[PDB]
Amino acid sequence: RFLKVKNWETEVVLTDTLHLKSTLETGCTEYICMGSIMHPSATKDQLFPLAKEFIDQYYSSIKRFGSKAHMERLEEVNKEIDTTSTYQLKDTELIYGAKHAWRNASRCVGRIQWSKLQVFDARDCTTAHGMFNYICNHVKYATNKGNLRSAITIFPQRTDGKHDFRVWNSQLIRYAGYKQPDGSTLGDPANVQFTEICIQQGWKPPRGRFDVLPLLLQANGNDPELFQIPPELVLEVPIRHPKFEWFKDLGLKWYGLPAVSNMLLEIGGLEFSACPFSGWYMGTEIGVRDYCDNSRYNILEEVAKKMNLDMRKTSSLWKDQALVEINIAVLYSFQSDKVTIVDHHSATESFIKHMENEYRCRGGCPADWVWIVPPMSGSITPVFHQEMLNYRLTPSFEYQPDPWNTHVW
């Protein structure tokens, strides 16, 4: 059936037909909704239907459905799955599939940009040194001296599961975190375990508060190897405040490039277990989550101190006051250093415009309200009031197990 979504602020109603194409499960049933669950729970036989469906939508996207080129490709893919148990995507199909995995990512508020994505084909890579080279080229290209450009680098697909290419880092650029003897934590507390794995593999930690972690890269199922990204490639922004001159004395900085490297890219039934992709930051990712999550840098206390706020009762809203000032400083700093960043008001505005575009030309837009609404000031952004339907379209980005739980050394 046709489903309607209403915006309760503007009363705009949209009609979704695109959900009729979905396949993968959401995790919900008619009796239980799992919309706030973060992770809800091949062979020649399963592979050809998936390949067929993807080729079908590719040749439908370039308006040659049923053409001779379409027919030949379908035959070509069938023979190749027969004789090799897999198949290789054409360049054009790889690019189309990577763009549509982004387009279909229901949890991404930045998808108005989906068709502007630089795709780096790294399927000829065979070693961790080669992965390192490809990743350095990605970082330099995407950083572009602060004028960030979206990019993805795609390493060889999975074959038997025993020869997986993996980036062990969850993101290409992250700060280390160290367990202190006295119990507390220096650096980024989320990364304490991964930092420990790097140390155990030979990394010499500077034991500072903003130590860029090395890359830990696994090619063809072999043991992973360490590499230091050249520092001139890692763009950083010292965080200061436009009115509070003491804010710079907090000593805070962050990196310019957000680059997810632990997800799996699925295209036509093929699985690309190493596909680092990067864009640019929304300010709240750093200012709310990275800095103010209790289990992260957790700086609200210190900032509220320097603002001299009354911190004895929660109803003074001292946490909310310090949170806003921190996020002002983040946006001010990136902007002053001409490093691409988007605030949550502008980003959610763009996303509403994007939904409008997608309903018009595509018949829908899968969207996960739980992830789309920003982690602060929710209802004064327009996505808060926008009903969204969430469903799974392929090509897709998926979660996968952490490599240190599966790898045999």
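Residue indices: 1-based, along the sequence shown. Basically, rigid core = biggest C-alpha set you can superpose within 1.5 Å across the two forms.
- Superposing the other copies on the rigid core and comparing 252-260 to 292-300, farther C-alpha placement in 8 other deposited structures of this protein marks 292-300.
- With every structure aligned by its rigid core, 282-290 is the stretch of 282-290 and 269-277 whose CA positions lie farther away in 8 other deposited structures of this protein.
- Unmodelled stretch separating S41 from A42: 4 to 9 residues (count of deposited-sequence residues without coordinates).
- Averaged over their C-alpha atoms, the temperature factors of 77-85 and 235-243 are higher for 77-85.
- Stretches 55-63 and 376-384 differ in mean C-alpha B factor, with the higher average recorded for 55-63.
- The top Cα temperature factor in the record, among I267, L323, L250, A219, falls on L250.
- Listed residues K116, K319, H138, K179 were ranked by CA B-factor as deposited; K179 comes out on top.
- Placement of the Cα temperature factor of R174 within the chain: middle third of the modelled residues, per the deposited record.
- The entry lists a Cα temperature factor for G130 that places it in the lowest third of the chain's modelled residues.
- Residue-level temperature factors show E196 in the highest third of its chain, judged at the C-alpha atom.
- When the modelled residues of the chain are ordered by C-alpha B-factor, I152 sits in the lowest third.
- Ranked by C-alpha B-factor against the other modelled residues of its chain, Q335 falls in the middle third.
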